[PDB]
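Working notes, structure below.
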Amino acid sequence: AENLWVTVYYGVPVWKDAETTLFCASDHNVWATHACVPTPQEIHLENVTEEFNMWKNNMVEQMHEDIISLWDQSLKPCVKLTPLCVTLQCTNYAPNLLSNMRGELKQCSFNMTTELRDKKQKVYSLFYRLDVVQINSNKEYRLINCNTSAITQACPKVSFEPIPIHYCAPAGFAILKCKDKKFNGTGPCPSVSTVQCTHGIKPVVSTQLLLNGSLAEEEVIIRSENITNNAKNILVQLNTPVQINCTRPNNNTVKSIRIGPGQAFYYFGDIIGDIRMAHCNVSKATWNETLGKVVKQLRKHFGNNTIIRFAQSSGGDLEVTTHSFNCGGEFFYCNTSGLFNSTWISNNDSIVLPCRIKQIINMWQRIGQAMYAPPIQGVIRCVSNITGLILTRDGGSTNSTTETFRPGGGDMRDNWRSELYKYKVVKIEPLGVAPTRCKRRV
Amino acid sequence: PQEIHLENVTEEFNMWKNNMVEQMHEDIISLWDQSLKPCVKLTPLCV
Amino acid sequence: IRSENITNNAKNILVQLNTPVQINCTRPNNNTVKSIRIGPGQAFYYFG
Amino acid sequence: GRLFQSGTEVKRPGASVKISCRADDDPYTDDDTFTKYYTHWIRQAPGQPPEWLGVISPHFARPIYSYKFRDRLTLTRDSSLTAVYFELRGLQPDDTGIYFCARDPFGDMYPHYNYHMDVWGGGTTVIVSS
Amino acid sequence: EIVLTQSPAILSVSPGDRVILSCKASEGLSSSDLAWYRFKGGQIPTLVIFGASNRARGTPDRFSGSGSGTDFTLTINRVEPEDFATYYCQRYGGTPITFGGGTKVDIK
Amino acid sequence: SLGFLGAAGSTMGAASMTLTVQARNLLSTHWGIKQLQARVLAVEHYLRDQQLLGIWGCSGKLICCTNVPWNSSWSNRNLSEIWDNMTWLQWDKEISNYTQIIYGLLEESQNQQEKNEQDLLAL
Amino acid sequence: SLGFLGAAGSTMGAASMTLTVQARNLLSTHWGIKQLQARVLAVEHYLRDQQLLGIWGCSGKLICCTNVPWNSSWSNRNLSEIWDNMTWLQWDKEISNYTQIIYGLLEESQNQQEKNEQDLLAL
Amino acid sequence: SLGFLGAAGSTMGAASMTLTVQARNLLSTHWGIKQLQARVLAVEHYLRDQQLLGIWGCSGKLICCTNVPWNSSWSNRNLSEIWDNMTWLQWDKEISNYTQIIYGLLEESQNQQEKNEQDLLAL
Ligand SMILES: *[C@@H]1O[C@H](CO)[C@@H](O[C@@H]2O[C@H](CO)[C@@H](O[C@@H]3O[C@H](CO[C@H]4O[C@H](CO)[C@@H](O)[C@H](O[C@H]5O[C@H](CO)[C@@H](O)[C@H](O)[C@@H]5O)[C@@H]4O)[C@@H](O)[C@H](O[C@H]4O[C@H](CO)[C@@H](O)[C@H](O)[C@@H]4O[C@H]4O[C@H](CO)[C@@H](O)[C@H](O)[C@@H]4O)[C@@H]3O)[C@H](O)[C@H]2NC(C)=O)[C@H](O)[C@H]1NC(C)=O
Ligand SMILES: *[C@@H]1O[C@H](CO)[C@@H](O[C@@H]2O[C@H](CO)[C@@H](O[C@@H]3O[C@H](CO)[C@@H](O)[C@H](O)[C@@H]3O)[C@H](O)[C@H]2NC(C)=O)[C@H](O)[C@H]1NC(C)=O
Ligand SMILES: *[C@@H]1O[C@H](CO)[C@@H](O[C@@H]2O[C@H](CO)[C@@H](O)[C@H](O)[C@H]2NC(C)=O)[C@H](O)[C@H]1NC(C)=O
Ligand SMILES: *[C@@H]1O[C@H](CO)[C@@H](O[C@@H]2O[C@H](CO)[C@@H](O)[C@H](O)[C@H]2NC(C)=O)[C@H](O)[C@H]1NC(C)=O
Ligand SMILES: *[C@@H]1O[C@H](CO)[C@@H](O)[C@H](O)[C@H]1NC(C)=O
Ligand SMILES: *[C@@H]1O[C@H](CO)[C@@H](O)[C@H](O)[C@H]1NC(C)=O
Ligand SMILES: *[C@@H]1O[C@H](CO)[C@@H](O)[C@H](O)[C@H]1NC(C)=O
Ligand SMILES: *[C@@H]1O[C@H](CO)[C@@H](O)[C@H](O)[C@H]1NC(C)=O
Ligand SMILES: *[C@@H]1O[C@H](CO)[C@@H](O)[C@H](O)[C@H]1NC(C)=O
Ligand SMILES: *[C@@H]1O[C@H](CO)[C@@H](O)[C@H](O)[C@H]1NC(C)=O
Ligand SMILES: *[C@@H]1O[C@H](CO)[C@@H](O)[C@H](O)[C@H]1NC(C)=O
Ligand SMILES: *[C@@H]1O[C@H](CO)[C@@H](O)[C@H](O)[C@H]1NC(C)=O
Ligand SMILES: *[C@@H]1O[C@H](CO)[C@@H](O)[C@H](O)[C@H]1NC(C)=O
Ligand SMILES: *[C@@H]1O[C@H](CO)[C@@H](O)[C@H](O)[C@H]1NC(C)=O
Ligand SMILES: *[C@@H]1O[C@H](CO)[C@@H](O)[C@H](O)[C@H]1NC(C)=O
């Protein structure tokens with residue numbers, strides 16, 4: 001009985017780190033829910049440790065491709081907007097207006113082909129300031145993204161609201177889920193669970209903020225890789241949601257035209273009402289309390305007497321120096337610089353943010369391809385939660401007491417790293433090896 | 001060919017509910033446009 | 001040498017040499033290349 | 001393969017310089033190089049060690065400056081996804097030297113999350129006198 | 001701020017031996033964020049090594065080097081006439097990054 | 001009665017009776033080829049483990065016995081410290097670099113068993 | 001000598017000698033993805049039934065025996081009225097709602113036959 | 001210690017000990033559908049041979065014994081000339097036309113053993 005022999009065991013709870021292919025499960029149309037597996041049933045584990053680590057996972061980098069391929073699939077069979085690149089005779093609509101909106105809302109006229117190729121059609125439309133570029137009385141403007149890209153009109157039948165989907169694993173793989181109250185990026189998890197697939201993950205597109213995301217526990221927690229390093233973004237997560245309200249009070253008109261045989265084009269009509277500017281309202285008291293709470297949370301890493309100073313953005317393109325999101329089918333760009341005022345020392349109104357509208361957008365830097373945004377008829381409103389901010393800090397010398405913090409980011413994976421941080425794909429192996437006193441017969 | 005006859009067995013046969021007459025209707029319309037993809041698009045005829 | 005049939009003059013005769021012999025050729029013109037934009041998003045590189 | 005920057009411009013004290021560092025020279029090209037790769041700009045004075053000047057991210061051209069050259073350095077790219085620029089206002093007779101632009105993944109790629117400047121491009125010279 | 005210094009500033013060697021390019025760090029480098037560059041006067045400064053010890057694409061078998069903590073060494077196997085040029089080491093981490101001063105090899 | 005992967009943090013002496021909850025779940029447009037790639041990989045990963053257990057004389061069993069002696073160079077641990085304290089995850093990390101020889105050593109115990117029985121059956 | 005699915009209407013006592021023709025036929029552009037799904041689905045449907053028979057001690061057999069007793073609450077019929085008058089189609093409809101409780105009960109008889117045989121072989 | 005397909009020209013009496021190296025290597029964009037068909041074809045070709053060996057009472061074994069006698073009409077060679085002189089490639093060409101009758105005669109020996117064992121175990 002002393003001479004031990006080796007035995008193999010089938011169906012043994014042991015796993016390894018591996019990457020695999022996740023599929024969709026979610027239960028007119030949207031970009032995602034067209035062909036997915038119809039869907040809880042969790043299993044809790046006890047006193048087993050696991051080294052959870054984000055920013056090196058294989059789930060936030062597969063989703064970054066599974067979102068852009070799904071976006072290209074919803075943009076391929078639509079109408080290709082080739083003949084729009086003509087000379088646009090374009091002047092200022094609503095002249096001598098003493099309001100703020102002066103440079104935008106330009107009226108341009110151009111020729112467009114119809115179903116009969118020998119005949120043309122003169123059409124009138126309104127385009128924003130970020131949609132027309134002058135080229136060398138009325139001036140002759142052209143499109144913004146024509147000389148380096150080919151714009152395609154998006155399909156008006158599909159919608160752009162984020163339907164919550166689930167990334168689900170096949171047989172042989174599992175998803176470890178950390179169920180800790182406080183949990184930073186890299187480290188052990190005291191209580192894990194084995195899940196097939198997760199809760200509602202909203203694939204919302206947003207920069208400089210985290211709209212309609214998952215909530216947190218009773219305390220605000222910050223997350224970074226090596227936060228003394230000022231190169232990685234700081235993914236904070238608020239404990240209570242703060243609401244932002246913005247509408248578009250100009251009454252819209254959407255007019256239809258036929259550019260060719262079988263195709264269609266929905267363009268901007270007139271404005272029947274008042275020429276106003278869209279603006280997002282936030283409550284000042286709870287936002288100031290949230291800023292004080294996240295400053296008190298961030299003060300646990302840099303001592304007591306260090307002056308934390310919130311500042312505005314650095315610059316670059318429009319998707320970092322402003323905040324961009326998607327409301328109902330329209331893409332907004334608001335400056336949000338009224339939320340990062342003067343600094344913080346230890347010893348009933350509403351804040352408005354001016355927000356503009358750009359039709360031609362270019363998401364995920366697809367060179368050679370661009371999408372057109374059709375207008376939405378009527379007044380459209382959007383109320384949104386804010387669960388999480390995107391902050392980064394700068395460097396400095398040794399004698400520096402004013403630690404600055406600017407809202408940057410811009411990475412689309414950071415919006416999916418605040419909702420897939422507590423999940424980890426894992427591959428189980430059913431072959432176990434153990435010695436015992438057993439011996440087979442002859 | 002190669003049929004197999006059966007005895008002493010009854011089966012509840014029912015048309016207008018089969019999944020074969022609704023799969024063929026999709027397989028025909030999915031094969032109709034496949035023979036029109038490499039052909040010429042008749043775009044500039046509408047004069 | 002290799003063929004399907006030696007007495008059949010319809011099939012090709014593939015020979016294989018024992019030593020590699022070199023062959024050199026250049027294009028001695030400078031052949032500058034110019035570009036033009038043929039439409040939205042495309043490109044056209046023509047002869048200079 | 002290699003990056004391309006041009007310019008042998010002389011300058012006067014009180015002006016601004018513009019250095020463009022492009023990848024694949026033909027202008028109508030879609031390299032996609034300025035798309036998933038960070039880009040470092042590095043100055044070097046003759047007889048002096050090279051110092052860091054500024055990195056630009058490939059996500060939406062969000063720049064990260066240093067504290068020495070903060071208030072007088074703007075850099076971004078145009079509407080096309082090539083040809084990042086370098087505008088250094090508030091000149092001085094101290095920064096006379098060569099300039100370099102290098103491609104760097106900066107730990108954002110899929111294999112191994114490395115930290116290396118795999119290719120440097122050209123190297124222009126900026127002098128200033130009166 | 002971590003200052004990066006190099007004590008062998010002037011070096012001279014014959015073609016066909018091993019040379020040691022040492023570098024001292026200030027306070028506790030992370031042993032995975034360091035790079036070496038081969039500079040020259042009016043040429044293209046290329047990279048020779050990744051991190052601690054990992055070769056690049058255009059790097060032969062004769063280039064290597066290791067080190068951890070605050071000391072980092074570059075160990076060239078053999079000396080070629082196409083390698084007599086100055087070398088510059090750099091680190092990563094918090095902005096701004098700082099180079100390692102400067103060293104130079106020579107023929108004698 | 002623990003569930004799928006329920007005894008992963010338990011003792012190896014207590015996890016040897018719940019081997020069926022992990023052995024029965026190994027088999028159970030853009031997404032047209034995404035869902036098809038997993039149904040081949042899972043079947044291949046199940047069939048590889050079924051082929052590895054078929055050439056050891058353990059095809060159809062969960063806890064089988066072999067004639068290969070356990071060497072002391074792989075692990076110097078006794079019986080009272082493995083099946084009473086260690087879990088199945090801590091034991092796999094100790095013999096992780098010895099899997100490629102034992103899987104060879106389990107092969108020669110098969111061909112030396114089927115041959116020496118074969119001439120026993122020809123008499 | 002009946003053929004594939006030839007004894008589907010015969011007696012269960014006479015259809016137990018022709019189980020081989022139903023167990024050997026389980027494995028034997030627009031149409032590029034249509035034909036590929038069937039070769040995955042048939043392999044998966046065969047491997048599911050092969051996995052369900054491998055964890056019951058019946059891997060490699062057709063008519064095996066178990067230790068689970070037959071409860072009288074499922075059916076009150078005797079041996080003389082099942083294997084002499086009823087076919088398999090009339091028998092499958094009578095215990096169609098008791099399949100999920102037998103398939104678990106056949107599982108716990110495996111480890112109970114595997115654990116008690118383990119320590120008997122360790123002596 | 002020969003390798004994969006190393007004993008292909010060797011003696012059948014000497015190649016019967018190296019049956020492990022051939023039984024373990026059966027499992028291990030334009031090219032997106034080209035690589036997907038090959039794994040499905042390999043899985044089907046492995047599962048067909050695993051199904052043919054599972055209905056003969058030889059599941060999990062490499063060298064098994066059957067009850068079907070060897071007819072003299074298939075080959076008139078003795079034992080001293082098959083396992084000493086001939087290889088497997090020269091032996092497969094001699095019974096290349098008598099495969100489907102041996103494959104049919106091997107199927108009834110499973111049922112004629114299983115029914116008798118079921119009648120013996122019912123007492
Ligand atoms: C973060 O999350 C929050 C969630 O809290 C998001 O906020 C919501 O965002 C959605 C975006 O889709 C908003 O939905 C839109 O609401 C529009 C306003 O309609 C409301 O007012 C009318 C007034 O009569 C009510 O009737 C509506 O009630 C409807 O819903 C209830 C639900 O029970 C039904 O019972 C009713 O019968 C109504 O059906 C709303 O309260 C609304 O117009 C809009 O609907 C258009 O689009 C859909 C989808 O395409 C069409 O099916 C529909 O017919 C509408 O179509 C328009 O365009 C076509 C173009 O041809 C025209 O022909 C039509 O006439 C019409 O003009 C849509 O449903 C929602 O209001 C909003 N708030 C709340 C509290 O839910 C944030 O957006 C999100 N932030 C992000 C993602 O950044
Ligand atoms: C994140 O970045 C920080 C800052 O670079 C890293 O901390 C550094 O860690 C090293 C050890 O790997 C420390 O070096 C040690 O220094 C002491 C003397 O101070 C010496 O006695 C030791 O033998 C060792 O060399 C270094 O001091 C430390 N730097 C700071 C500022 O604390 C850290 O490793 C990085 N990674 C993480 C947190 O995962
Ligand atoms: C967002 O708001 C800020 C603050 O109002 C704007 O910053 C102004 O920028 C101009 C440009 O030179 C300065 O002359 C002003 O002094 C700045 N304002 C203040 C109060 O300092 C900024 O332009 C706005 N827009 C964007 C896109 O950031
Ligand atoms: C494509 O068109 C855009 C829009 O005009 C060009 O962007 C402008 O380029 C000029 C070059 O003299 C700059 O002065 C402007 O500041 C640019 N406008 C911006 C950045 O909004 C772009 O250069 C064109 N691309 C070409 C010709 O390749
Ligand atoms: C974990 O919990 C189980 C019961 O829940 C217990 O038997 C076991 O000893 C525990 N392990 C440790 C290391 O405490
Ligand atoms: C449309 O074409 C006619 C043809 O001559 C031209 O006169 C007119 O100016 C064009 N329209 C615009 C807006 O340029
Ligand atoms: C995460 O939190 C734990 C708990 O205090 C701590 O030990 C660990 O160092 C933290 N890791 C990081 C990267 O902040
Ligand atoms: C925003 O909209 C919500 C919707 O109910 C409303 O309760 C709230 O008063 C509005 N204003 C602010 C400042 O939150
Ligand atoms: C924000 O909250 C703090 C609470 O510490 C309070 O002192 C301060 O007056 C509030 N308002 C502003 C504008 O900071
Ligand atoms: C900063 O102040 C808080 C007050 O609660 C204290 O707990 C903490 O220890 C202080 N930080 C340092 C580094 O002393
Ligand atoms: C923030 O508010 C203060 C209050 O007076 C104001 O002075 C400052 O200009 C504001 N910040 C911005 C960016 O407008
Ligand atoms: C906008 O214009 C339409 C056009 O008929 C009108 O019916 C509607 O009342 C107007 N106002 C709003 C708020 O939609
Ligand atoms: C914001 O969060 C609260 C928290 O429960 C939720 O009730 C509300 O619906 C959220 N608002 C949204 C999703 O617009
Ligand atoms: C060609 O021939 C030379 C010398 O005959 C040889 O060195 C070389 O490897 C050959 N192949 C190629 C591709 O140059
Ligand atoms: C079918 O039923 C008849 C009488 O009902 C019986 O004689 C016969 O054996 C049964 N089976 C077949 C295969 O005909």
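Scheme for the structure tokens: letters A, B, ... for chains in order shown; per-chain residue numbers from 1; ligand numbers from 1 in order shown.
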Quick one: superpose chain H on chain F on all Cα atoms, same order, and give the RMSD.
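Across all paired C-alpha atoms, the RMSD is 0.2 Å.
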Around ligand 9, which protein and nucleic acid residues have at least one atom no more than 7 Å from it, if we count only C-alpha atoms and all ligand atoms? List them as a PyMOL selection string.
chain A and resi 288-289+292
Atomic distance CA of residue 215 (chain A) - CA of residue 194 (chain A), expressed in Å with one decimal:
21.4 Å
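Where the distance criterion is 6 Å and the atoms used are only C-alpha atoms and all ligand atoms, the residues close to ligand 15 are residues 7 and 8 of chain B; 10 of chain G.
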Output file for the selection above: C-alpha atoms, as an mmCIF file, in the first residue's frame:
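Wrote it out as part.cif, contents follow:
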data_model
loop_
_atom_site.group_PDB
_atom_site.id
_atom_site.type_symbol
_atom_site.label_atom_id
_atom_site.label_comp_id
_atom_site.auth_asym_id
_atom_site.auth_seq_id
_atom_site.Cartn_x
_atom_site.Cartn_y
_atom_site.Cartn_z
ATOM 1 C CA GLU B 7 -45.972 -2.502 -41.096
ATOM 2 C CA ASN B 8 -48.313 -2.201 -38.085
ATOM 3 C CA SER G 10 -43.193 -4.815 -34.531
#
Would you kindly return, as JSON, numbers by chain, each protein, DNA or RNA residue with an atom no farther than 8 Å from any atom of region 13-18 of chain C, considering only C-alpha atoms and excluding same-chain residues fewer than 5 positions away?
{"C": [1, 2, 3]}
Pick from A:46, A:319, A:349, A:419, whichever lies nearest to chain D using only C-alpha atoms:
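Looking only at the distances to chain D, the closest residue turns out to be A:319.
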May I ask you to write as a count of residues only all residues lying at most 6 Å from ligand 6, with only C-alpha atoms and all ligand atoms counted?
4
Give me the residues within 12 Å of residue 122 (chain H) as a PyMOL selection string, counting only C-alpha atoms and dropping any in the same chain fewer than 5 places off.
(chain G and resi 64-66) or (chain H and resi 115-117)
Residue subset to file, keeping N, CA and C atoms, as a short mmCIF file (atom, residue, chain, number, x, y, z; two decimals), in the first residue's frame:
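Output below, filename out_8.cif:
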data_model
loop_
_atom_site.label_atom_id
_atom_site.label_comp_id
_atom_site.auth_asym_id
_atom_site.auth_seq_id
_atom_site.Cartn_x
_atom_site.Cartn_y
_atom_site.Cartn_z
N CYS G 64 -27.25 -3.11 -21.83
CA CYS G 64 -26.53 -3.16 -20.57
C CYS G 64 -27.51 -3.22 -19.41
N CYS G 65 -26.98 -3.50 -18.22
CA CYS G 65 -27.78 -3.62 -17.01
C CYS G 65 -27.32 -2.59 -15.98
N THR G 66 -28.28 -2.11 -15.19
CA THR G 66 -28.03 -1.13 -14.14
C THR G 66 -28.58 -1.66 -12.82
N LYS H 115 -27.33 -10.94 -26.41
CA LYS H 115 -28.61 -11.55 -26.06
C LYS H 115 -28.42 -12.75 -25.13
N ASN H 116 -27.37 -13.55 -25.36
CA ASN H 116 -27.08 -14.67 -24.47
C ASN H 116 -26.61 -14.20 -23.10
N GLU H 117 -25.83 -13.12 -23.05
CA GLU H 117 -25.41 -12.57 -21.76
C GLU H 117 -26.58 -11.92 -21.01
#
Using DSSP on the backbone coordinates, identify all residues within chain B classified as alpha helix (DSSP H); present the result as an MDAnalysis selection string.
chainID B and resid 24:32
Any chance you can output those residues with C-alpha atoms as a CSV table (one decimal), in the first residue's frame?
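The new file selection_31.csv reads:
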chain,number,residue,atom,x,y,z
B,24,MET,CA,-38.5,25.5,-49.7
B,25,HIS,CA,-40.2,28.9,-50.1
B,26,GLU,CA,-37.2,30.5,-48.5
B,27,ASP,CA,-34.6,28.3,-50.4
B,28,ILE,CA,-36.2,29.3,-53.7
B,29,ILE,CA,-36.1,33.1,-53.0
B,30,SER,CA,-32.6,32.8,-51.6
B,31,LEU,CA,-31.5,31.1,-54.8
B,32,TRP,CA,-33.3,33.4,-57.2
Counting only C-alpha atoms and all ligand atoms, what are the residues, protein, DNA or RNA alike, that approach ligand 11 to within 12 Å? I want them as an MDAnalysis selection string.
chainID A and resid 309:313 335:343 351:353 406
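Summary of the local environment: counting only C-alpha atoms, residues at most 8 Å from region 32-47 of chain H, other than itself and those fewer than 3 positions away along its chain, are residues 37, 40 and 44 of chain F; 27, 36, 39, 40 and 43 of chain G; 26, 27, 29, 50 and 51 of chain H.
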Around ligand 10, at most 8 Å away and counting only C-alpha atoms and all ligand atoms, which residues are there? Put them as a PyMOL selection string, please.
chain A and resi 299-305
Write a file of the just-selected residues containing N, CA, C and O atoms, as a PDB file, in the first residue's frame.
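Result written to again-v8.pdb:
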ATOM      1  N   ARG A 299      -8.173  61.500  -2.609  1.00  0.00           N
ATOM      2  CA  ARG A 299      -7.200  61.997  -1.641  1.00  0.00           C
ATOM      3  C   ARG A 299      -6.570  60.905  -0.778  1.00  0.00           C
ATOM      4  O   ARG A 299      -5.712  61.222   0.052  1.00  0.00           O
ATOM      5  N   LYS A 300      -6.962  59.640  -0.941  1.00  0.00           N
ATOM      6  CA  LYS A 300      -6.346  58.551  -0.194  1.00  0.00           C
ATOM      7  C   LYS A 300      -5.020  58.094  -0.789  1.00  0.00           C
ATOM      8  O   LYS A 300      -4.341  57.262  -0.177  1.00  0.00           O
ATOM      9  N   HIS A 301      -4.634  58.611  -1.958  1.00  0.00           N
ATOM     10  CA  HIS A 301      -3.423  58.172  -2.634  1.00  0.00           C
ATOM     11  C   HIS A 301      -2.321  59.220  -2.683  1.00  0.00           C
ATOM     12  O   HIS A 301      -1.173  58.865  -2.968  1.00  0.00           O
ATOM     13  N   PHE A 302      -2.629  60.491  -2.414  1.00  0.00           N
ATOM     14  CA  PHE A 302      -1.645  61.560  -2.538  1.00  0.00           C
ATOM     15  C   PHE A 302      -1.550  62.392  -1.263  1.00  0.00           C
ATOM     16  O   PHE A 302      -1.313  63.600  -1.325  1.00  0.00           O
ATOM     17  N   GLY A 303      -1.724  61.765  -0.103  1.00  0.00           N
ATOM     18  CA  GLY A 303      -1.597  62.480   1.152  1.00  0.00           C
ATOM     19  C   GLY A 303      -2.770  63.409   1.428  1.00  0.00           C
ATOM     20  O   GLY A 303      -3.837  63.329   0.821  1.00  0.00           O
ATOM     21  N   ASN A 304      -2.543  64.318   2.378  1.00  0.00           N
ATOM     22  CA  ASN A 304      -3.565  65.271   2.802  1.00  0.00           C
ATOM     23  C   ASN A 304      -3.441  66.611   2.084  1.00  0.00           C
ATOM     24  O   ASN A 304      -4.391  67.064   1.439  1.00  0.00           O
ATOM     25  N   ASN A 305      -2.281  67.260   2.187  1.00  0.00           N
ATOM     26  CA  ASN A 305      -2.115  68.630   1.697  1.00  0.00           C
ATOM     27  C   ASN A 305      -1.573  68.623   0.267  1.00  0.00           C
ATOM     28  O   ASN A 305      -0.433  68.997  -0.014  1.00  0.00           O
TER      29      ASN A 305
END
Can I get the residues of chain A within 10 Å of ligand 13, each with the closest pair of atoms and their distance in Å to one decimal, using only C-alpha atoms and all ligand atoms, sorted chain first then ascending number, as a tab-separated table?
residue	atom	partner	partner_atom_place_in_ligand_line	distance
A:211	CA	ligand 13	13 (C)	8.7
A:212	CA	ligand 13	13 (C)	5.6
A:213	CA	ligand 13	13 (C)	8.2
A:214	CA	ligand 13	2 (O)	8.8
A:215	CA	ligand 13	2 (O)	7.7
A:240	CA	ligand 13	4 (C)	7.8
A:241	CA	ligand 13	2 (O)	5.6
A:242	CA	ligand 13	1 (C)	7.6
A:243	CA	ligand 13	1 (C)	7.3
A:244	CA	ligand 13	14 (O)	9.3
A:382	CA	ligand 13	14 (O)	8.6
A:383	CA	ligand 13	14 (O)	6.0
A:384	CA	ligand 13	14 (O)	4.8
A:385	CA	ligand 13	1 (C)	5.0
A:386	CA	ligand 13	1 (C)	7.9
A:387	CA	ligand 13	2 (O)	8.5
Can you write out the residues you just picked, keeping N, CA, C and O atoms, as a CSV table (one decimal), in the first residue's frame?
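Written out: again.csv:
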chain,number,residue,atom,x,y,z
A,211,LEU,N,-22.5,57.1,-19.8
A,211,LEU,CA,-23.9,57.2,-19.7
A,211,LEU,C,-24.6,55.8,-19.8
A,211,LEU,O,-24.1,54.9,-20.5
A,212,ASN,N,-25.6,55.7,-18.9
A,212,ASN,CA,-26.4,54.5,-18.8
A,212,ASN,C,-25.6,53.2,-18.5
A,212,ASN,O,-26.0,52.1,-19.0
A,213,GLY,N,-24.6,53.3,-17.7
A,213,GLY,CA,-23.8,52.2,-17.3
A,213,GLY,C,-24.3,51.5,-16.1
A,213,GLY,O,-25.3,51.8,-15.5
A,214,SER,N,-23.4,50.6,-15.6
A,214,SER,CA,-23.8,49.9,-14.4
A,214,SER,C,-23.4,50.7,-13.1
A,214,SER,O,-22.5,51.6,-13.2
A,215,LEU,N,-24.2,50.5,-12.1
A,215,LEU,CA,-24.0,51.3,-10.8
A,215,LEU,C,-22.9,50.6,-10.0
A,215,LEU,O,-22.2,49.7,-10.4
A,240,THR,N,-23.9,57.0,-6.7
A,240,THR,CA,-25.3,57.4,-7.0
A,240,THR,C,-25.4,58.0,-8.4
A,240,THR,O,-24.5,58.8,-8.8
A,241,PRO,N,-26.4,57.7,-9.2
A,241,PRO,CA,-26.6,58.3,-10.5
A,241,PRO,C,-27.0,59.7,-10.5
A,241,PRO,O,-28.0,60.1,-9.8
A,242,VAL,N,-26.4,60.6,-11.3
A,242,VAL,CA,-26.8,62.0,-11.5
A,242,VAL,C,-27.4,62.1,-12.9
A,242,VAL,O,-26.8,61.5,-13.8
A,243,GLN,N,-28.5,62.8,-13.0
A,243,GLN,CA,-29.2,62.9,-14.2
A,243,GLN,C,-28.8,64.1,-15.0
A,243,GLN,O,-28.6,65.2,-14.5
A,244,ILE,N,-28.8,64.0,-16.4
A,244,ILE,CA,-28.6,65.1,-17.3
A,244,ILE,C,-29.8,65.0,-18.3
A,244,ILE,O,-30.2,64.0,-18.8
A,382,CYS,N,-33.9,63.7,-24.3
A,382,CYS,CA,-33.1,62.6,-23.7
A,382,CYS,C,-32.7,62.9,-22.3
A,382,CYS,O,-32.1,63.9,-22.0
A,383,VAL,N,-33.1,62.0,-21.4
A,383,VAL,CA,-32.6,62.0,-20.0
A,383,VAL,C,-31.7,60.8,-19.7
A,383,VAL,O,-32.0,59.7,-20.1
A,384,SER,N,-30.6,61.1,-19.1
A,384,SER,CA,-29.5,60.1,-19.0
A,384,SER,C,-28.9,60.1,-17.6
A,384,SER,O,-28.8,61.1,-17.0
A,385,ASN,N,-28.6,58.9,-17.1
A,385,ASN,CA,-27.8,58.8,-15.9
A,385,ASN,C,-26.3,58.9,-16.2
A,385,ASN,O,-25.8,58.6,-17.4
A,386,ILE,N,-25.5,59.3,-15.2
A,386,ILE,CA,-24.1,59.4,-15.3
A,386,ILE,C,-23.5,58.5,-14.2
A,386,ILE,O,-23.5,58.8,-13.1
A,387,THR,N,-23.0,57.3,-14.6
A,387,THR,CA,-22.4,56.4,-13.7
A,387,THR,C,-20.9,56.2,-14.2
A,387,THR,O,-20.6,55.3,-14.9
